[PDB]
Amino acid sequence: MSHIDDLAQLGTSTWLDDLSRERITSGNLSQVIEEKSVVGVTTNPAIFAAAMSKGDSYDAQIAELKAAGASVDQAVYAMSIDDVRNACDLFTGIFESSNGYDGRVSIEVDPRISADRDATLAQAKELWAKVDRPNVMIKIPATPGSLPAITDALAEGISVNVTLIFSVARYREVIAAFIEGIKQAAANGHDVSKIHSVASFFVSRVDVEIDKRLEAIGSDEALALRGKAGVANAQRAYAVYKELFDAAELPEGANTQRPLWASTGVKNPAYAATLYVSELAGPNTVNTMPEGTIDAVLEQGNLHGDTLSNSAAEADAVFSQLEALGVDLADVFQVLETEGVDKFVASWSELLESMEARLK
């Protein structure tokens, strides 16, 4: 039927990049699964923040939580868990039919503990046990401290959405941590066939940083390269996926860790709104799209087959050309990681402020 269905036939599952209570009550979340072929969802603090400030969708539970003695942290916890568990129920049919790959709902641990392995693990177990739904996924970022918490968590049978992956180097480390996670899960007696993971690899961020730097260079050639690095970087990640899982020896029954294209909303009005979907389509992948990007794909389409599998030559040429023009790609990826963690933590404080505003 739809262009999202065509995208799944190419191998790329479509997830939605937020779980606002607006979507649930309105019936939008059912509609999006049923009509837009959405087969997974993730939490979104920034959107959550906004919804409490500008909307009445949480008014009922805020009244509840203000009636009890709820702190800002407890309110935020309670509200997001109720959303997530509600989404888990509704995605149960897809979870069961998809061999556990899709039908997933992701929820993060506290962004402020992301350099703290122990605390990240502790809160991963806590969230896992509290939500108490087998299709939930705990978002754990691929940043210092929490990267090894990824294998610890998988070792306990927790399914993990790895987030804040910006570079192929760090993606390689994420895959290694997944393989060790599943090896330890087996050694700890867990049925490894029910442990899943996705690796959320950011796309638009790269072009935002690099488009600026290409404009600073200002040459014809630099300007002609704009809007290419994000796709190219992701395609290089896909080659790595194939490489490391080819080389890997996983316990029997183990799932693959599918690459997931995140931040796939275009940030420049001149770029086609389907750029980070059509160019990143192919086997064993997920794309976590903003709903506006889902609607762009649905009405505009512009898919042209699998654009991932045979993509490595093109993508490398983009990167070798960027480095010929003097763009310091290692510095770019370091800026993205630092800015990534700060944005991550910042949007969390934005949510805590929003929340505090309502609880007074």
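Start at 1 and count along the sequence shown; that's the residue number.
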task = Between 237-245 and 106-114, name whichever shows the higher mean Cα B factor according to the PDB entry.
result = 106-114
key: 183-191 versus 132-140 - greater average Cα B-factor per the deposited record   = 183-191
ask   = Which has the highest CA B-factor per the PDB entry: 296, 39, 47, 329?
value = 47
message = Quiz for you: based on the deposited Cα B-factor, which of 318, 65, 335, 32 is highest?
response = 65
ask   = Where does residue 215 sit by CA temperature factor within its chain: lowest, middle or highest third?
value = middle
query = By the record's CA B-factor, is residue 71 among the lowest, middle or highest third of residues in the chain?
reply = highest
request  = Could you say whether, by C-alpha temperature factor, residue 280 belongs to the lowest, middle or highest third of its chain?
outcome  = lowest
key: Chain-relative CA temperature factor third for residue 253   = highest
query = Comparing residue 300 with the other modelled residues of its chain, is its CA B-factor in the lowest, middle or highest third?
reply = lowest
